[PDB]
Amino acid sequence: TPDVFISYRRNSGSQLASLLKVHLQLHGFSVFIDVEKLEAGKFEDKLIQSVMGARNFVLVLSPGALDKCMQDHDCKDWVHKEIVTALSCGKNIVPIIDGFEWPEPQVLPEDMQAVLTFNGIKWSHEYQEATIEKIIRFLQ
């Protein structure tokens, strides 16, 4: 059971999500990210089980990363699904903000508007070491 689940938007946050995985592994955390740990079988249940199993939920907020979550009333978007799973399990949610415009809560589905109540970390290209140390402080 990894200590850290990394949720991210494929087409915009893959590089930062991967950078985060490397840094957190180097500091001794067990990390789940799909390209490394999602293996064979029905991925829907493995993803949900993996979020449920991780103490920390690191949410990579790249530009536009929650755009497809909006209007997703049927919970078809996988970032939406992962966030709701983390909220539902009371996980330690750690948003990582990288050029992301904060949405007004009204625009998000009701089942994930609570994501905006968690203290986020601003990714700093210029002070990446310090950003990483802050993330590690946020982790349980």
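Counting begins at 1, following the sequence as shown.
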Per the entry, where is the mean C-alpha temperature factor higher: 35-43 or 68-76? 68-76
Ranked by mean Cα B-factor in the entry, 55-63 and 106-114, top stretch is 106-114
Within this chain's modelled residues, let me know which third the CA B factor of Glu101 belongs to: lowest, middle or highest. highest
Cα B factor band for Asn11 (lowest, middle or highest third within the chain): highest
